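Visitor: Sharing a structure here in structure tokens format.
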Amino acid sequence: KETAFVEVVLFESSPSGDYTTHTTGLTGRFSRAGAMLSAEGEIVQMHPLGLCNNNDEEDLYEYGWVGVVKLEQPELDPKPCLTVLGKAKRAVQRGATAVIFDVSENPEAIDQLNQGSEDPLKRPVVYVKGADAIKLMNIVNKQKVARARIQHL
Amino acid sequence: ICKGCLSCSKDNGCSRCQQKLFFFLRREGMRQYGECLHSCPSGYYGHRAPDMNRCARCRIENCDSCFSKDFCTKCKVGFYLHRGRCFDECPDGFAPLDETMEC
Amino acid sequence: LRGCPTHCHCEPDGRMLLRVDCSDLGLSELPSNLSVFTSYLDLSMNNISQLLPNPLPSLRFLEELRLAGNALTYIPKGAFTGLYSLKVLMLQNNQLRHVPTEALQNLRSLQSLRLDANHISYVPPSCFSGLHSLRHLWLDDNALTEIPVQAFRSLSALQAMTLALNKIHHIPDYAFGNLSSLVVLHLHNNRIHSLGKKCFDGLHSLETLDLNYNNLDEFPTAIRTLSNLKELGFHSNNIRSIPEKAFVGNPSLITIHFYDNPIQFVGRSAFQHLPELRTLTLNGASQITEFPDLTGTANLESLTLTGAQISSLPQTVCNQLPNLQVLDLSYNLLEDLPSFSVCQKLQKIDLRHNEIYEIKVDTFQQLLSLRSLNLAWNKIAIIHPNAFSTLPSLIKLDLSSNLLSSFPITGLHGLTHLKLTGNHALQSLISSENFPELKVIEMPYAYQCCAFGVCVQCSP
């Protein structure tokens with residue numbers, strides 16, 4: 001419904017103990033699958049297959065991680081362990097302060113995401129696409145660490 | 001060079017492995033990507049199933065490589081191996097031998 | 001400088017020890033001029049037909065040889081003659097149709113041998129002869145038909161073995177005779193129909209057993225002999241019943257799996273003397289008529305037993321069950337209830353679809369950790385006012401379809417979930433106060449939901 005303003009902040013720990021930063025600007029939109037709230041935290045890319053309850057026990061993550069998930073072409077996975085809704089539910093359960101889906105490959109996820117608006121999650125769920133989604137993945141691919149900043153105007 | 005994957009991508013790496021390869025989620029900082037390998041990395045063990053072969057981590061204290069969920073293969077530096085368990089002091093019955101750090 | 005084969009990558013282990021990696025090069029055959037001092041060799045995915053035109057002994061330092069994903073048909077008998085320090089040999093994803101007849105003999109230092117994901121069927125006797133050090137063995141995803149007892153009888157040093165994803169249909173008596181050191185045994189994803197009554201009498205050190213995803217018809221009574229057994233799995237079989245004194249011979253059992261089994265009858269004294277067992281789950285045991293005795297097993301933290309015909313409970317049942325946390329006895333025929341007060345540390349209770357008619361005073365006293373309580377689909381006519389008085393941590397409650405007329409407000413202050421749908425005699429309204437923090441509500445009439453502000457959620 002409302003536009004989501006994403007700030008990808010790259011940083012460098014100077015030898016003195018101080019930090020120096022470099023801000024990047026992107027734009028997405030809040031799905032009504034999640035809350036309409038601002039959020040911030042350490043970025044953690046998650047592989048789609050990683051978000052399944054099928055696995056009895058998984059790796060632990062430090063609470064407050066901004067999830068980043070690249071969706072695949074619809075016809076490649078016929079039935080997932082959980083739907084795009086359910087995977088966000090797993091992420092928030094596994095300590096995600098927010099979830100950001102790269103939707104370039106699958107637009108049908110938007111209809112599936114906004115389906116469950118009556119029972120929204122605690123935390124915000126956001127989506128991105130196009131040149132904005134490309135910039136995000138270029139930073140995710142090459143850099144070591146980065147802090148995301150989602151704000152709701 | 002995403003090798004051994006039937007389906008690959010620059011953003012997720014390997015995906016849905018080729019033939020009879022083990023699928024493994026590797027992490028470096030924030031980034032995560034798939035990998036298709038035949039033998040699991042040090043600190044993990046290969047669990048074979050009909051349609052899902054994955055590398056689960058060894059959660060055995062003082063262990064660097066393991067056979068199963070609860071049987072270590074190689075202990076860490078300064079630890080003696082004995083019946084799949086890693087110890088500091090070698091139990092009674094037999095003494096240590098520091099050539100290979102075992103009992 | 002120094003003979004590190006062209007195209008390959010080399011690295012030092014300890015000083016003057018060498019680790020080589022020639023994996024995924026697509027080599028027709030191995031390099032001819034190879035340096036001694038190699039303590040690690042990796043030749044994976046190389047399209048190697050045979051070995052060799054010039055095979056290389058005299059590499060006495062070789063600790064780990066990896067030879068996976070190559071097109072190896074057979075192994076010549078004088079292939080690994082030089083390697084006295086070979087500790088770990090990897091031979092997976094090859095097209096071996098059998099274990100090399102005499103090639104793997106007398107590898108004194110060989111501790112691990114991976115022969116999985118091949119097409120092997122036959123294992124010739126004494127092919128593992130002279131393997132004094134062999135601890136670990138992989139033989140999964142192969143075409144085995146039975147246990148090669150004759151070949152395994154030399155392997156006294158074996159500690160782990162995996163015969164999973166094979167076509168093994170029978171385990172004879174004393175099938176693993178001389179394997180005294182064997183700790184782990186994985187036999188899952190086989191066609192194991194029948195096994196002997198003394199089929200596991202050989203191994204004394206066996207701690208874990210995996211009989212999952214198999215075709216067993218009855219409980220495996222070979223278990224009797226296994227004293228050191230800790231973990232046991234035999235889920236997804238066609239086993240029909242657990243006999244009396246089933247786990248009598250296996251104290252110190254910690255984890256057990258047996259789901260996806262059509263278990264109808266279970267012996268009452270079958271689960272006795274299991275002091276380190278923490279969890280128990282029974283679903284759909286219809287032929288259980290009375291509560292099982294749990295003497296010498298007081299450390300159960302999670303007990304769940306559903307789909308049975310249990311009439312009533314012992315009044316000193318909680319003396320046997322301290323340290324218990326969750327208790328699910330749903331879909332049974334329970335009528336009268338004991339104190340439950342000795343069962344402290346209780347957190348969840350689920351007694352839905354029982355035949356309970358009354359909730360007394362003492363039946364739920366001093367359960368300070370109790371959070372959830374489901375009493376849905378019972379015939380509870382009346383509840384004593386102070387029955388839910390001393391439950392401070394109580395948050396979830398479900399009294400759906402109970403035939404209740406009046407409601408006890410005393411205690412139960414500030415609980416989160418309340419379900420009362422089905423109580424048709426419950427016609428009186430409920431105030432917003434005396435019930436803060438209500439997030440999910442079910443109510444038998446719509447006018448009662450209107451009291452809370454709904455024309456937080458409420459379903460009529």
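Numbering starts at 1 and runs along the chain as displayed.
Method on record in the header is X-ray crystallography, 4.8 Å.
Cβ from N, Cα, C; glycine included.
The feature disulfide bond is assigned by Swiss-Prot to C:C4-C:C10, C:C8-C:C22, C:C318-C:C343, C:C449-C:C458. If you look up Swiss-Prot, you'll see C:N33, C:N47, C:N178 marked as N-linked glycosylation site. Summarising the annotation, Swiss-Prot assigns repeat 'LRR 2' to C:61-82. Per Swiss-Prot, the feature repeat 'LRR 3' maps to C:85-106. Annotation comment: Swiss-Prot describes C:109-130 as repeat 'LRR 4'. According to Swiss-Prot, the feature repeat 'LRR 6' maps to C:157-178. Under the heading repeat 'LRR 7', Swiss-Prot lists C:181-202. If you look up Swiss-Prot, you'll see C:205-226 marked as repeat 'LRR 8'. The repeat 'LRR 9' annotation in Swiss-Prot covers C:228-249. The repeat 'LRR 10' feature in Swiss-Prot is assigned to C:252-273. Positions annotated as repeat 'LRR 11' by Swiss-Prot: C:276-298. As annotated by Swiss-Prot, repeat 'LRR 14' applies to C:345-366. The repeat 'LRR 15' annotation in Swiss-Prot covers C:369-390. Annotation source Swiss-Prot lists repeat 'LRR 16' at C:393-416.
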Visitor: Are there any residues at least 6 positions away along the chain from C:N33 (N-linked glycosylation site) with a Cβ closer than 8 Å to its Cβ? List them or say none.
Guide: C:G3, C:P5
Visitor: How far is it from C:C10 (disulfide bond) to C:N47 (N-linked glycosylation site), counting Cα to Cα, in Å?
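Guide: On Cα coordinates alone, these residues lie 21 Å apart.
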Visitor: So which residues does the repeat 'LRR 9' (C:228-249) touch in its own chain, when a touch means Cβ under 8 Å and the partner is 6 or more beyond its ends?
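Guide: Hits for the repeat 'LRR 9' (C:228-249): 188, 204-221, 255-274.
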Visitor: Which residues does C:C343 (disulfide bond) neighbour through Cβ under 8 Å, counting only same-chain ones at least six apart?
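Guide: Set apart from C:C343 (disulfide bond) by at least 6 residues yet with Cβ under 8 Å, we have C:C318, C:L321, C:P322, C:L324, C:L327, C:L367.
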Visitor: Measuring Cα to Cα, how many angstrom lie between C:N178 (N-linked glycosylation site) and C:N47 (N-linked glycosylation site)?
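Guide: About 38 Å separate the Cα atoms of these two residues.
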Visitor: Rounded to a whole angstrom, what is the C-alpha distance between C:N47 (N-linked glycosylation site) and C:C22 (disulfide bond)?
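Guide: About 12 Å separates the two Cα atoms.
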Visitor: Taking the Cβ of C:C449 (disulfide bond) as the reference point, list residues of the same chain whose Cβ is under 8 angstroms away and which are at least six residues distant in sequence.
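Guide: Looking at Cβ-Cβ distances below 8 Å from C:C449 (disulfide bond), excluding near sequence neighbours, one finds C:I441, C:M443, C:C458, C:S459, C:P460.
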Visitor: Who are the long-range neighbours of the repeat 'LRR 4' (C:109-130) in its own chain, taking Cβ under 8 Å and residues 6 or more past its ends?
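Guide: Here the qualifying positions are 68, 84-102, 136-145, 148, 150-152, 154-155, 162.
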Visitor: What parts of the chain pack near the repeat 'LRR 14' (C:345-366), using Cβ distances under 8 Å and only residues at least 6 beyond its ends?
Guide: 304, 322-335, 337-339, 372-384, 386-391, 398
Visitor: Based on DSSP, name the secondary structure state of C:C449 (disulfide bond): helix, strand or coil.
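Guide: SS state of C:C449 (disulfide bond) = helix.
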Visitor: Could you find out if DSSP has C:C318 (disulfide bond) as helix, strand or coil?
Guide: helix
Visitor: Could you tell me, to the nearest whole Å, how far the Cα of C:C455 is from the Cα of C:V456, given 9 unmodelled residues between them?
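Guide: Distance between the Cα of C:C455 and the Cα of C:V456: 12 Å.
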Visitor: Pick from C:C8, C:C10, C:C22, C:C458: which of these disulfide-bonded residues has the biggest number of other Cβ atoms within 10 Å of its Cβ?
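Guide: Of the disulfide-bonded residues C:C8, C:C10, C:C22, C:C458, the most buried by Cβ count within 10 Å is C:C22.
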Visitor: Are there residues at least six beyond either end of the repeat 'LRR 11' (C:276-298) with Cβ under 8 Å to its Cβ atoms? List them, or say none.
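Guide: Beyond its ends, the repeat 'LRR 11' (C:276-298) has Cβ neighbours at 252-256, 259, 262-266, 268-270, 304-314, 317, 320-323.
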